[PDB]
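Everything on this sheet refers to the single structure shown next.
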Amino acid sequence: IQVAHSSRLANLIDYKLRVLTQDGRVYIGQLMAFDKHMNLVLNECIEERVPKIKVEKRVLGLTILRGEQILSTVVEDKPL
Amino acid sequence: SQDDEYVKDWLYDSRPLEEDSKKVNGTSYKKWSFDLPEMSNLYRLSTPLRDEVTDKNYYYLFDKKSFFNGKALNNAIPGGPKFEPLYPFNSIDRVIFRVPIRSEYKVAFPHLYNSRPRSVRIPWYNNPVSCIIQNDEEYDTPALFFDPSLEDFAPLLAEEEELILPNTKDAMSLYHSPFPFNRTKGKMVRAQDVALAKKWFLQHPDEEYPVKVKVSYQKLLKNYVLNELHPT
Amino acid sequence: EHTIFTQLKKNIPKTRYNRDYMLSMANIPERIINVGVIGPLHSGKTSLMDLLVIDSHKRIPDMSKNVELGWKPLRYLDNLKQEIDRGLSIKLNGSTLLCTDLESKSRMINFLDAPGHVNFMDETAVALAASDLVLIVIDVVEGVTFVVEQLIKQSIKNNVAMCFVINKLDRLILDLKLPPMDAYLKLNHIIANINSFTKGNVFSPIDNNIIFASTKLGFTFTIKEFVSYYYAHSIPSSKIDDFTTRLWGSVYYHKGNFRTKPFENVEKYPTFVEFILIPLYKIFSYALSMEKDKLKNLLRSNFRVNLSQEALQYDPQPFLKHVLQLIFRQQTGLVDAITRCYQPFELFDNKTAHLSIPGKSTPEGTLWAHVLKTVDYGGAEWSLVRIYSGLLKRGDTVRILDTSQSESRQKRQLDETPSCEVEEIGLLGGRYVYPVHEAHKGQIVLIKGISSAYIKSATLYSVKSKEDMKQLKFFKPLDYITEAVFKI
Amino acid sequence: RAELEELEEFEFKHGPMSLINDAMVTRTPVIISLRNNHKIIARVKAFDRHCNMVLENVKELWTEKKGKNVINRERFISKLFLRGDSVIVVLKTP
Amino acid sequence: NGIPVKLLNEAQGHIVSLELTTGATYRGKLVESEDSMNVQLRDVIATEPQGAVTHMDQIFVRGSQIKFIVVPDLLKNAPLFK
Amino acid sequence: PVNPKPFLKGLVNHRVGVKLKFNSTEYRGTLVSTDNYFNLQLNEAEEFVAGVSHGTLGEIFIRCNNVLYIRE
Amino acid sequence: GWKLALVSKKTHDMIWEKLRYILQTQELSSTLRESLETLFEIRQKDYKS
Amino acid sequence: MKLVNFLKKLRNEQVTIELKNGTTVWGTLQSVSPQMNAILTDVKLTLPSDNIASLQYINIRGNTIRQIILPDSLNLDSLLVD
Amino acid sequence: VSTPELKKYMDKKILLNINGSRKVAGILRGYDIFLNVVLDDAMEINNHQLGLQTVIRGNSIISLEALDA
Amino acid sequence: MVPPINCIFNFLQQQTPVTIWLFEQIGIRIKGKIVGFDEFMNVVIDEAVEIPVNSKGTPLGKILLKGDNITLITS
Ligand SMILES: Nc1nc2c(ncn2[C@@H]2O[C@H](COP(=O)(O)OP(=O)(O)OP(=O)(O)O)[C@@H](O)[C@H]2O)c(=O)[nH]1
């Protein structure tokens, strides 16, 4: 995996981002919009739960992720 | 060198501005772009020849369209031109001559009051103009009319105490002016191409000139309409 | 080719947003406002419409150089040869515009720039019948004359939401050259008049009912809009509402950081004057008189506005217009005013009842629509139809009833004999019929095949059951407010 | 902003925020119970409104308990930042 | 103002899905939204965390409980972004 | 008239018993002072683990967010 | 009034200003209001008679 | 009075971190937000008896951050004063 | 400041989902900005009523469902 | 219409049989009568009683309970 040594989150917007969630799932997709409260809008969001064995996988598309239920953000891949 | 403080130096030149590289295009002398106050000066100076009629309504049943209509029906508006005719039920028993149906109407609503119209244009129709002009030595005042019955921050454009600048009294006037002075930039035209005289006879004849002068006016309008009418 | 003109082409001027999105939005009601802008002769309503359209679209062909500059008004919604040459809006040449509100939301509006001249009020009546909100528009100068009052009465009697536009401020600032307090007073007088006429709801800049426009210079604002733009930096998030409420309605800032309701010792003017009107005055006064560099600096500082280097070399009117555009970013505040005003959709019932009859079992899924008026919008015969329930698809058969046969039909009910196809559908957009297959509920579209099925102002329907048909009702003939008594 | 910080330090000295402020002034080791069960013996360096507190001389005490094998575990850290919400009860050891 | 909350309120009317902290998904027409995501729906299927579906006419939700909201592919187009 | 905050101001310099939510325990010590946040401080606070004094903690400072109820 | 305009114009203007200020921002008597209105109407011509 | 001042003043330091669940995080302090959001480049994670999961870049939510183990060469009193 | 528009649901029975899978039936009496539901108490989840008039806290609300249309 | 502030002002003056449920808590309830009210939802309760849930009358007195962890009230 490769990414630029970025200063802040908004500078790397529209990047394929692995986004953890407090309930155990991880949402992977290119981020369109962020917030002061860390609400995120993934362009091609993909629902990936970790069941109690192997990864659960599901496609969502354009979705809002609420900020409170986020654990953290990670860059998965580049734009385009 | 006080009222006419800017133009005075150059108003009488062969080419008004040979250099003045900011104010004109250059020495080719193709385009120009004056600042405000000099434009104001020009306007003031032009008081004798300037169009001097802001109320666009004024040319009512006196536009080129109106003239054309008059032509097309032989319903000459008496202040204006009268042409060679364009061409070579309804009984007294029937109709009721309550309104004596005038020629002025026959061009106003040409398709309605004038039956059997041919080659007839449609004129304008308009809103009432209340451009109140100021006389002198003041600004922003109701004069000609009556009045109605009844966390540490300042508002916008703070530290701009004077509402009106010394030029805005004149700028407003300029803004209301017609096409010559209206604007603060233009392309040149040939002295030839400027019509200092058209604006007098296109607008209405002032007051009680001798018949001959009235005739002259009419003649001029007849020419003008013809020129307008056969686009070359 | 033809003289009495529209677009008649594949390449309709491209929009900033995309029309696919607009049509998608138009799938659901509660997101299609039918505005039907109204007012006296030369209110500026058509000019307002033009402003909106221009704001919406990228580059129009008809938007020539001069109109762009702002010498001539781009009267985009007087498509008829006559309506140009005559200088009057004469028929309904509305537009479908995906309009952004001040708060972030995207609603497709069906505007209808109706005529103002009082002989044409017939045409206007249709707009009232059509539209669920009405942007009444008023000239400041003439104020509310009788015509405006009449219009208001009609709207209230026709059960339609109202959201006023006090238009042509440029006149009172430049033509009349009123002092700012005087201007404020005038405004108060006007709004007072409005309130007097409208016995029910009380209109004001607060609550975002009134809209302060100048379509020649090309700017509208609600106070909410303006405040949002230029009094969000200064004052905090929560106290903004209070500020908004204060601005208008005789409260004086008092040189101090929390105003008094009564008189103040130091300054003279109200908050509305000090915090809006005075700024406008400053703009106008400076956008003519002020040495351009200084003006540029001020714009940079206070408004956060960058003048184009071309705009520096504009003529003083068009320059001013450009500046105004830069200041009041869009016709967004106006849209906010509309949406906020027409947040009641319980009025829909009242409207429908008023038009046809008080009834129910209408949302069974039977498509039915008020055929408003036959128009000649692309030259050809079109029928402007407002759909209420269901959705109409292209190449569908439909029952149609001329509202001559409406009362009679009603009487007879307490055998769908007339019928016709729908050859094509499209959307009015000032100068083009933009073709669309869908024609969803709660909106206005143009259809080919209806026209010849009726004379004026029909209803349509397409029941899937005789029982359903029994449950139906039919619109009354549109009582065109003016009676025609000029016999030729 | 300055008047709020003045009443902050004023309200600390008089209110119960004075205790661990005085513990920082005396600079003693203090035990702190935690949300995920960690008795933190440490020297308090920093102190704010929210009870976020940088800790010198850190010594966390807990029990990683799984497999019927009580393994009371503990570690030393040089310096550590504490978040407020984790704290349950701070106490100054005599 | 929150540009994701901007999107939510712009998404009103479409068939949107919604899972909470509880893990119980929903799906139907949205009706209302605010700064705090005080969501309302119509025609909403209400699948419990086990998978037990219960169709119902309407629902109102509090924003604190919301986890994520499935928006359609239309809001990808326009007009909130640019 | 007997509100919480004035009774709490009367409860200053008096014995109090603190109960909490998760991984929690009753207490018993003389309240020292309070604020608008309801951050507590006790002297001679005894750690009553479900009403059983596990240890005399003494001079302590309890956080506001984990407070459930406070009694005599 | 016309005479006032003629020579002592500043005061006349001032008088107008005060009058208007009174006119609209006041709990003013109705007959008085009508008189004022009449005054302004005549002002529009500035005493023809 | 704000430790946010100090945490803002902590820049380009390689630090360990704990979370609400208790996950370790070894990475350079790229920046810290006024609400504790630890922007970190060149990061390495290890869960709470579990094996390594190293990564390129992680900005973690402020509230999820439990306890940041600071580096060795660190004068606390130098940054605390203005 | 944004008032949750419960005037559509005012004076109607509502199935309030609250913390720990608990349900509350009851006709609505009023509310506030925090969503604290003032409601006439009804049977709590076979089924049994506690109280006559109740006020539920907003933080404890999971959801509130339209029982009445 | 009755906001929670006004309904609790009825509970304040009345002091009628209140039953309280608790936040993040199913195992225990309370039974008393409302005596206080804060600007927050903090309320002091006299004659309060700890009442474990019907899956007895256990001892409890007068309590200032931190009101941010409330669920039910009903006087
Ligand atoms: N001074 C000034 N004039 C304006 C303004 N807006 C419009 N006008 C003028 O008045 C006319 C009113 O606008 P239009 O759109 O042309 O008229 P309209 O609204 O179509 O009137 P109807 O045909 O009755 O609908 C324009 O033709 C302009 O010349 C303004 O803001 N200031």
- What residue among B:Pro48, B:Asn75, B:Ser115 has its Cα farthest toward the positive end of the dipole of segment B:11-130, where the charges are +1 on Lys, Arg and -1 on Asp, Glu, each on the Cβ? B:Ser115
- Task: Find the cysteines in chain C that fail to meet the 4.7 Å Cβ criterion with every other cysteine, and list them.
- Result: C:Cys99, C:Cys420
- Applying the Karplus parametrisation 6.51 cos²θ - 1.76 cosθ + 1.60 with θ = phi - 60° to the phi angles of segment C:223-235, what ³J(HN,Hα) value in whole Hz is obtained for each residue in order, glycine and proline being reported as x? 3, 4, 4, 4, 4, 4, 4, 10, 9, 10, 3, 5, 7
- Task: Would you please give the FRET efficiency between H:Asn12 and D:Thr26, computed as 1/(1 + (r/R0)^6) with r the Cβ-Cβ distance and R0 = 30 Å, to the nearest 0.05?
- Result: 0.35
- Item | Karplus-derived HN-Hα couplings along segment D:31-47 (A = 6.51, B = -1.76, C = 1.60, θ = phi - 60°), whole Hz, x at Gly and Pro | 8, 9, 6, 10, 4, 9, 6, 8, 7, 8, 8, 7, 8, 6, 9, 10, 7
- Note on the structure: For segment A:9-75, the Cα-Cα pair-distance distribution in 10 Å bins from 0, as whole percents, is 23, 58, 17, 2
- Message: Give the average over all directions of the projected area of the C-alpha convex hull of segment C:358-482, one decimal, in nm².
- Response: 8.0
- Query: If amide H atoms are built 1.01 Å from N in the plane of the peptide, which residues on other chains or at least 5 residues away come under 5 Å of the amide H of C:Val137?
  - Reply: C:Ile38, C:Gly39, C:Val165
- Query: How high is the relative contact order of segment E:2-80, given as a whole-number percent (alpha carbon pairs under 8 Å, six or more residues apart)?
  - Reply: 31
- Per residue and in Å³, how big is the convex hull formed by the alpha-carbon atoms of chain J? 94
- Query: What span do the alpha-carbon atoms of chain H cover on each of the three principal axes, reported in whole Å from largest to smallest?
  - Reply: 41, 25, 21
- Query: Binned at 10 Å from 0, what are the whole-percent values of the Cα-Cα distance distribution for chain C, short to long?
  - Reply: 4, 19, 29, 25, 14, 7, 2, 0
- Query: GluC sites (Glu not before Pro), restricted to segment C:266-313: which are DSSP loop and have at most 11 other Cβ atoms within 10 Å?
  - Reply: none
- So how do C:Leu247, H:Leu74 line up by other beta-carbon neighbours within 10 Å, fewest first? H:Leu74, C:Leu247
- Item | Reduced Cα scattering model of chain D, Debye log10 I(q)/I(0), q = 0.13, 0.19 Å⁻¹ | -0.49, -0.90
- At the level of C-alpha centres, the distance separating segment A:30-55 and segment C:1-38, in angstrom, is 36
- Note on the structure: Cα-only Rg/Rh for chain F with Kirkwood Rh rounds to 0.95
- Could you tell me the distance between the Cα centroids of segment C:214-273 and segment B:128-175, to the nearest Å? 20
- Query: What residues qualify as long-range amide H neighbours of H:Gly27, i.e. H under 5 Å apart, gap of 5 or more or another chain, H built at 1.01 Å from N?
  - Reply: H:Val15, H:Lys44
- Where does the charge balance sit around C:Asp293 when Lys and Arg score +1, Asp and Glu -1, over other residues with C-beta under 12 Å from its C-beta? +2
- Item | Cα-based equivalent ellipsoid of the protein assembly as shown: semi-axis lengths in Å, sorted from largest, via gyration tensor | 69, 40, 32
- Among H:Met1, C:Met290, which comes first, second and so on when ranked by fewest other beta-carbon atoms within 10 Å? H:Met1, C:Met290
- Query: Which pairs break 31 Å Cα to Cα here: F:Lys19/I:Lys23; C:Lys186/E:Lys82; B:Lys185/C:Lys168?
  - Reply: C:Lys186/E:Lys82
- So how do C:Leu324, C:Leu77 line up by other beta-carbon neighbours within 10 Å, fewest first? C:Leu324, C:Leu77
- Message: List the residues, sorted by chain then number, that are 5 or more residues from A:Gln22 or on another chain and whose placed amide H is less than 5 Å from its amide H.
- Response: A:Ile70, A:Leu71
- Query: Cα centroid distance between segment C:70-146 and segment C:166-200, in Å?
  - Reply: 21
- Determine the calculated [θ] at 222 nm for the protein assembly as shown from helices alone, applying -39500 (n - 2.57) to every DSSP H run no shorter than 4 residues and normalising by the residue count; nearest 500 deg cm²/dmol. -6500 deg cm²/dmol
- Using only the alpha carbons of chain G, determine the length spanned along each of the three principal axes and report them from longest to shortest in whole angstroms. 33, 24, 12
- Item | Summed residue charge, Cβ within 11 Å of C:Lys14's Cβ, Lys/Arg positive, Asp/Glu negative | +4
- Message: Cut-off under 23 Å on the C-alpha distance; same-chain residues fewer than 8 positions from B:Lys82 excluded. Which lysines are left, in chain and number order?
- Response: B:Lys64, B:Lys65, B:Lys71, B:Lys106, B:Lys198, B:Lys199, B:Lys212, B:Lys214, B:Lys219, B:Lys222
- Share of Cα-Cα pairs in chain I beyond 18 Å, in percent? 29
- Query: Tally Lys and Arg at +1 and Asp and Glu at -1 over the other residues with C-beta under 13 Å from the C-beta of B:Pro142: what net charge comes out?
  - Reply: -3
- Message: Compute the angle between helix G:9-24 and the longest alpha-carbon principal axis of chain G, please, reported from 0 to 90 degrees and rounded to the nearest 10.
- Response: 10
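Ideal geometry is used to build each Cβ from the backbone, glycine not excepted, and the neighbour counts take in all protein chains shown. Here, each number is a calculation from the coordinates, and none is a lab measurement.
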